[PDB]
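# Residue-level structure breakdown
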Amino acid sequence: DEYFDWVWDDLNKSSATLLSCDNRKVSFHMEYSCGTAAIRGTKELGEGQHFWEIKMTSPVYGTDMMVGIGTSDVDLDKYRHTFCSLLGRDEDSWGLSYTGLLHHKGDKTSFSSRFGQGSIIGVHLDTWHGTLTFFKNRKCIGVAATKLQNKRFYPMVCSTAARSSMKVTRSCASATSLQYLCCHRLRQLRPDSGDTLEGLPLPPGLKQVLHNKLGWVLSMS
Amino acid sequence: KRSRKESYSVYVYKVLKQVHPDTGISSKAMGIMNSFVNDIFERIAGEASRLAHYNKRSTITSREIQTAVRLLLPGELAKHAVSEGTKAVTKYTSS
Amino acid sequence: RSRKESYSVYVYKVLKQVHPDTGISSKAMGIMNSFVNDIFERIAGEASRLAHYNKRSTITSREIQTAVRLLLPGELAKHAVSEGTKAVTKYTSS
Amino acid sequence: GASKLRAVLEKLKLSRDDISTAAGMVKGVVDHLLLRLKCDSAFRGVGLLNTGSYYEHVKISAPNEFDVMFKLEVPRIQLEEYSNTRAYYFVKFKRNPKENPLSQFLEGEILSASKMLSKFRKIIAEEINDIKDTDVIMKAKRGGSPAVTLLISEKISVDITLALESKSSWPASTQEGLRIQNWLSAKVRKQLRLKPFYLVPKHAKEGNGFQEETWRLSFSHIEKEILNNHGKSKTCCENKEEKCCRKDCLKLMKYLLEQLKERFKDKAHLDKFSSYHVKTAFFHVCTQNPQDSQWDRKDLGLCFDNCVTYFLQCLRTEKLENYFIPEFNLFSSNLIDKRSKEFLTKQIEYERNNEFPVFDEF
Amino acid sequence: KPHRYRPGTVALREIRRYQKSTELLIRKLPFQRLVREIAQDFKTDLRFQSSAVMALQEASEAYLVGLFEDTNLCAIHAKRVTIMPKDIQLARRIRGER
Amino acid sequence: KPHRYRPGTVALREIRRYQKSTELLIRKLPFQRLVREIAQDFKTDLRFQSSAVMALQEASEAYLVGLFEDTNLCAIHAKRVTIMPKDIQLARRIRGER
Amino acid sequence: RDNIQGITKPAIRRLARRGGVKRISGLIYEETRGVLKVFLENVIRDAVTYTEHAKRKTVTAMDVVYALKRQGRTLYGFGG
Amino acid sequence: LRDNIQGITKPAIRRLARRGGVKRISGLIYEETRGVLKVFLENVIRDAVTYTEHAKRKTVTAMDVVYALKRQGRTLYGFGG
Amino acid sequence: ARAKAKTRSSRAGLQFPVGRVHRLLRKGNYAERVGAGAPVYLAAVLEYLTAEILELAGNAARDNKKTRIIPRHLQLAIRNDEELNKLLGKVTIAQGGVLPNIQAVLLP
Amino acid sequence: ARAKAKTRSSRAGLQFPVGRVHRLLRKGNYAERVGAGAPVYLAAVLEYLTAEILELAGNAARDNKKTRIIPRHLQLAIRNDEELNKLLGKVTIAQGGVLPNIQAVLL
Amino acid sequence: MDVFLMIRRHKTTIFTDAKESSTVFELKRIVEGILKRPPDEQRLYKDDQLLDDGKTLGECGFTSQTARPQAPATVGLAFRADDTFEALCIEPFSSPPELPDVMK
Amino acid sequence: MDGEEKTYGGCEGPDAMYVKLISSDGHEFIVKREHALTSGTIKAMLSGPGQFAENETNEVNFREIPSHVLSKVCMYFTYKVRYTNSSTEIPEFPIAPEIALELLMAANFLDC
DNA sequence: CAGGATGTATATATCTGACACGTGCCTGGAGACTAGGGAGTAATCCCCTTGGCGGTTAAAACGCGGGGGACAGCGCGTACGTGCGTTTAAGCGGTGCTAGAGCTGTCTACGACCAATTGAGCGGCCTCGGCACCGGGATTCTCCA
DNA sequence: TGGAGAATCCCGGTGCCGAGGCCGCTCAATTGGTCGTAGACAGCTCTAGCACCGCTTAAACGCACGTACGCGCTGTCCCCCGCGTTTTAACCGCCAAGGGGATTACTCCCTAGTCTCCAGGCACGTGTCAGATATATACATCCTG
Ligand SMILES: [Zn+2]
């Protein structure tokens, strides 16, 4: 596959986690799970567009494991000694747990079906329209959030189960452009199909470069 | 002060003294008829309170009591008891 | 149109306060209704006779208290006079 | 994962027949004790409560540690709450023709449990010496209801309990309890309410010591009937295919609450927590998820995780209400220290995050 | 041969069902005819409400079934087990209503 | 010595005399003591009157004399002539008063 | 016209079985027929004697319970 | 005053059986007759007192006794009305 | 003004006191508007019925050669006769005694 | 003036109607005046007696395991108690039947 | 505050963003700055009705409400026929196709 | 913005503040210079020599573009050069699906 | 001693009509007031329960001889209990019908109420005659030869 | 076939106490009048007692036959009954003390009667779930061997 756009952050990982597989993989609580542990990704998202996805591997259990977005104002080691949900706790920071429930601002919403061992999850971000979208198993769950404009963020993932691990399978960025915006509007107008390349005399090289740029948009709904 | 007290004596005596002229009666042979007549009183007056509410009759009158005394005397004596209370329903009605 | 009246609701309310979970068929209500009518009239009959025996013009708590301990056997009489006295003092003290 | 649980279930299971071999010793003792007691005017009608299986085996890892309960049938009685505690009552007799049970246990008007137990202790204690084919001994008091406890040789052991039985309608304080309707239909709710109920002797307790002379309700016979006949389909677990993990999920949960006491008994802080609380939380859970479809053996994981989820939630919030008396809070600050509760959340959630380490000791 | 119960074992199966049932034992129409025919010599051309008939039947069943029970206690005291017309005539005069 | 009548004759000669007689047969003062003794368990310090005690013997001995007269009818039905306590316990049960 | 022989042999038997008796004589049937007819002869005479105060041409349930209640036979179920 | 029930003698119980017309007698019956008189008396005397209490008197008089016999269907003619 | 009085018992034809009874009855709670049929019925009936209980003493006193009638003769003159003893048997007549009777198996 | 009607039953604490029993005791021709306390005392004893009966019948009905009380269960409760049976000794309950016993020498 | 608008005549189809308080005369100053015809040599018509330079475009109903980011409202320019308004010199765009049923 | 004399009426040679953009079907869309420079094709073309004289006609006709399409390009430029760096919520840019199907060719035709 | 044949218990599955509810409304249960007389009390008095005494002799407690009544056990043949086959009269569903009981407007005959008068019946003193009672002569019926 | 106690049927004379008669008077029954609503009636209507018609199968009638109950007789030995002896406790006539049941004056607070208002029972009418019903199987008991 094509090379992903950011690793897990060696300088911004909690005091109880090992980064691994060229910082594509990460592992948590390798003995005691004596509290909560977390990381950010190395890249701040606050300009252009972003898309990325994560594969699970250890079986799900324990208090909460979750995926999301937050400011730099978070503390990766406040809950070093305690079980807590780190994501979703504050106006700064959001997340979705494996139980199919979101947190934000220190409050909760049920949002989706559950997910477990070996699951694949994917996320879209648009900073221009200040808005965020969630996918599971190459199918869409929905738009998660909006009104997010000009706030700066890192992507964060958190853990609490002993002997637990995750891997980013792809991560990517783009500008806003016709090949982004018009393609999004086009997919909203024909979401019912498994494909979008159908019926187009449009060159196969351009079909492939939008397989690169918007590989999900052409092939998921 | 003297607190006067009555009995039925003279009214039973005038129904009896018709038949046996040649007799007198000891004191302890009076109480049996007093207590008989007095027993029937509050028993038939209770029947009369019932008779009133039985056929919605606040003016009790002869014909409603009537049934009780063809009832209470078995044999042809049903006719005896009721005959006394039915020979009454003539003259008073005419002043 | 012509109208009829009964103890039905009050005995149903007492039932639903000791077996607050148990029903009664229409035929079984008919017997309970004739039972309370019999007992009222026995008690009232000795009360009215007591007032005559003792030369008075009214029926009050003192009359019914003697009629209850006269028509009720054994330890039913012993208990019924407590259910009586405790309910009237709750009323005179209100 | 689920294989650890399936394995520990076998390792628990296969101990069973040792209990069956031990059960002969207690049988002869309880049979003699009944034939002792039936001689005395105070006890002539007394009997075994659990007919057809003459014990309860209250700790799953303790195959010598039986429990026995005697029902003492009583004519007809009236009850009233101690101090609006809702679950605790004084009891008094009512309208009865002359056939005294034992009014000699009356004190002022209350039936004295303390007088009852004083005689019950004595008559067992003077009898039990005359068991001559077996070494048998009475073990000293611990609390209100199991006030007679008994040991055979140096293993086989019993706590003895007695209870009043009454035939009447259940109290108004339970009217909203037993929320079985959606799970098992109103036709069973009514016919289960069509049974007797039991009172067990129990002091209240206070900073001043204790209101010694008081009784508490009990419903263990009904509780067994639900668990024995636990299907929305009657035939649940009555054939090999219709099997469901409900029973398994409960017995796994009982075992855990002993393992954590074994590791912290020296701290004493967990000592207040019993398999009684574990049952009660399970009844709320199976009421909440009542279709037999949720209880496939191919789960086991989520249902067990739901138990600990529910129990943690209750424990954080200091709230767990009795399933028959729908407002009596067992977890209340009055009955349990805040410190023990929060400490136990820290333990349990640590075990959950560590994938149940303590079952590896088996 | 085939299955004969011994004399007396079907009579006990009988009293042990009539002592645990509720209903009337005499037929309806035959009791109605007797009531009308007894009545027609106190006065002529009466009419009857249906529940006046049922109130006579219930009062007579409970006269007879309660008189046989005192007849049984009389026959057993004399060391018999079979009831006879001499026991009826004892019960009716110790009962004393004559 | 020689006149001694055959047993059971004097037991017929003496019933005739008491059925012609009309006076009262329980010794008076021994019954008067009992009625004050038996009353004390209902109330206390309580006076009586002559006609209140006199009327109460007439009530008592008139029910005893009416009881024996149909115990005697029960023993004869059992082919006996001697009255014995098994008989009176039948009479005061056919008489309804249990 | 008869009508008293309308109370059959097996009917008179069922009454004695609910009353608790095991074995029966054969002369009983013409004895009970003389007892039942003399019971009805007295309650019917009082119920028709009430029906005349009450003016009606019809004998009512309440006329018969006044006659039972007068004889000494109180009866719960028919009202009153 | 106590135990006057033994004042109901053998020969008094014999006088009362002569008027009933009975010929031979079992020796067990004198202990049975004194057992039935005991509860006859009780149910009468336990109502003459309740009339007296309702009257608030201290004395008990013949009318209270005949009201008692009358209540229980043993009615007697000859002492009142 | 004020003509001579005629007793209202004689106005009904009775011997019994239609005056005295109307006081008893109307003050007695048993009925409210006491129409003259009611003091007269409660008075009337009992006329023969109060004499029968000494009329039937001709069965006793003259037959027994006594000229003052007495409680024993009044007893026999009720408890003697056929229907008299059902018509009023449920009552005890004080100082009466009992009728002569022996059962046929007991005599020689 | 006419304020709100507070019924007497709630004051003395009964379920039985303290109002209707007053009107019946007035109209029924028992006495000239009805005192203030009589309708309270009388409703309390009729409460006691009905409450005592209803739960004995309920106990028989519920061991025979039926939803409803019926005349057979009234009979088996009253005719089987030493002092209810004394209180109502001469009344025939319609369609009640008899309670079972066999005389011992018939066996 | 400035309002996104589009001014249309003949070839010209010109996006603009003027202060809402501008006189209709200031539109003419803007038009001279783009198209060199002086403020008076120009005229203005709305739909096909005359509009006075002495007004402000806000009182002429051209406003932030008419100024949607993807629909800044149209205005008719005129260059005088020496004496009068000339024609409303508008000319039509190339007709767009149907979206086919495969996309429906 | 009023009295827009701009010393010379504009800058219409080296820094020509408007540029004149005709479609293949003759509609003319003047655009301001940052909107012009928003196209990679137009910034490359305006970087061409001789065009920097005040004597230049700063005009293009797009033979490859019809007028309805060219209007949406200008709409997109005016929108993005406004809303770039907005801290406040940027409005959506909805364009009608029944005409928009083609417009992705503008990305490669004009570098946009 | 075991083994067969039979009647009762019980546990689903089906269906329908009896009990628990909601509501329109109307008539009987609460609020205020006042005009009398029933019942409460304080003081009185006298008759009738109470407790005591020696007394006569009637009646009860004790004992003892032995006759026949209570009763066990034996014989027995007639009357009644069990059960199979025929056939007849109680109980059921549906029609009619008009005789009779219930409701009501209205009006006039009857019973409650009252003041003034005087006749009926009640309470107290009197006296001889009805039916007891003490001796007693005559006339039966059971029990042994 | 003769005896001889118990009365007992009947009698004499004696005696007393209670029932049969007379008087004073007062209080309750009556005359005469006024008045208001109960109930005696003529019409109406509509529902409950009487009467009729087939059908079904339930149980009343009739019979044979075997056996265990009711019925008679004998012997014997307990358990009263009939008589005399010793004594102890009723009934008896009389007496001294005082307790509370029976009667009055007078005061007032409890009740009935009235008018008004309005909410809790009653009559009605739709729904659904508690028990009756059918059929299959499990079990407990009686009887012959
Ligand atoms: Zn299961």
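Thresholds, definitions, all that
- Residues numbered from 1 in each chain as written, not as in the entry; some residues may be left out.
- Chains lettered and ligands numbered in written order.
- Heavy atoms only, no water.
- Residues with missing side-chain atoms left out of burial classes, pairs and counts.
- Near = heavy atom within 4 Å.
- Polar contact = N/O pair within 3.5 Å; in protein donor to acceptor, adjacent residues only side chain to side chain.
- Nonpolar A, V, L, I, M, F, W, Y, C, P; charged D, E, K, R; others polar.
- Pairing = 2+ DSSP bridges.
- Helix = DSSP H or I, 4+ residues; strand = E, 2+ residues; numbered from the N terminus.
- Axes fitted to C-alpha atoms, helices over the stretch in contact; angles between N-to-C directions.
- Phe/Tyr/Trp six-rings, centres within 6.5 Å; stacked < 30°, edge-to-face > 60°.
- Buried < 20%, exposed > 50% of the residue type's maximum accessible area, 1.4 Å probe, protein only.
- Contact = heavy atoms within 4.5 Å.
- Core = buried A, V, L, I, M, F, W, Y, C linked by side-chain atoms within 4.5 Å.
- Salt bridge = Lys/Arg side-chain N within 4 Å of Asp/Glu carboxyl O.

### Here we look at the protein's contact with DNA strand M
With respect to spatial proximity, 75 residues lie near DNA strand M, and among them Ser2(C), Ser25(C), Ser26(C), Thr82(F) and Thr7(J) are the closest. For DNA strand M, the backbone makes up 93% of the atoms found within 4 Å of the protein, where backbone means sugar plus phosphate. Within the backbone of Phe48(F), one N or O atom sits 3.2 Å away from a phosphate oxygen of DNA strand M. The residue makeup of the surface near DNA strand M, split by class, is 19 nonpolar, 20 polar and 36 charged.

### Observations concerning the sheet that holds strand β1 (residues 8-13) of chain A
Residue and element names in this part refer to chain A. On the basis of which strands lie adjacent, the open sheet formed by seven strands has the order β1-β4-β13-β6-β7-β8-β9 and antiparallel pairing. A single partner strand is all that each edge strand has here, and the edge strands are β1 and β9 (107-110). Across the sheet, the mean angle separating the axes of adjacent strands is 30° when strand polarity is ignored. Two elements, strand β6 (residues 66-70) and strand β13 (residues 154-159), share five bridges in a ladder whose sense is antiparallel. Its bridge partner lying in β13, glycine 70 is registered against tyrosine 154.

### Some words on the packing of aromatic side chains
For the structure shown, the criterion picks out 40 aromatic pairs over all chains. Aromatic pair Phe51(A) and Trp216(A): ring centres 4.0 Å apart, planes at 20°, arrangement stacked. With a gap of 165 residues between them, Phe51(A) in strand β5 (residues 49-56) and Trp216(A) in the segment after α2 (204-213) connect regions that are remote in the sequence. For the pair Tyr88(D) and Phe328(D), a centre-to-centre distance of 6.5 Å together with 45° between the ring planes defines the contact as tilted.

### With respect to the side chain of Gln19(F)
By secondary structure assignment, the location of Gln19(F) is in helix α1 (residues 10-20). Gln19(F) sits in the buried class, given a relative accessible area of 5%. For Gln19(F), the residues in contact, after removing those within four places along its chain, are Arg19(H), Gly21(H), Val98(I), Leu99(I), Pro100(I) and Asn101(I).

### Side note on the environment of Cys236(D)
All names here are of chain D. With respect to the secondary-structure elements, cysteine 236 resides in the loop between α6 (220-228) and α7 (246-264). Remark: the alpha-carbon pair of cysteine 236 and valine 200, spanning 36 residues in sequence, is separated by 33 Å. Leaving out residues up to four positions away in the same chain, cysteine 236 has contacts with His230, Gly231, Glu242, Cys244 and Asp292.

### What about the sheet that holds strand β11 (residues 131-136) of chain A?
All names here are of chain A. Reading across from one edge, β2-β3-β14-β5-β10-β11-β12 is the order of the seven strands in this open sheet, with antiparallel pairing throughout. Edge positions in the sheet fall to β2 (17-20) and β12 (139-145), since each of these pairs with one other strand and no more. With direction set aside, neighbouring strand axes in the sheet form an average angle of 20°. Each of β5, β10 (120-126) and β14 (164-174) is contacted by helix α1 (residues 178-189), which is oriented at about 115° to β10, the strand it contacts most.

### Some remarks on the nonpolar core
With 106 residues, the main nonpolar core has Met116(D), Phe120(D) and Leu150(D) as its most contacted residues. Those residues in contact with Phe120(D) that sit more than four places away from it in its chain are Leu37(D), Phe43(D), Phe70(D), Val148(D), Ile160(D) and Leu162(D). With 60 residues, the next largest nonpolar core counts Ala48(B), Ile65(B), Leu46(I) and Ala57(I) among its residues.

### A few points about the pattern of salt bridges
Residues and elements named next belong to chain D. Evaluation of the coordinates by the stated rule reveals 68 salt bridges over all chains. Residue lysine 13 is joined to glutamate 10 by a salt bridge in which the shortest nitrogen-to-oxygen separation is 2.8 Å. Of the two residues, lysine 13 and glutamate 10 are both situated in helix α1 (residues 2-13); the distance of three residues between them amounts to about one turn of the helix. A residue is classified by how much of its surface remains accessible, and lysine 13, at 37% relative accessible area, is partly exposed.

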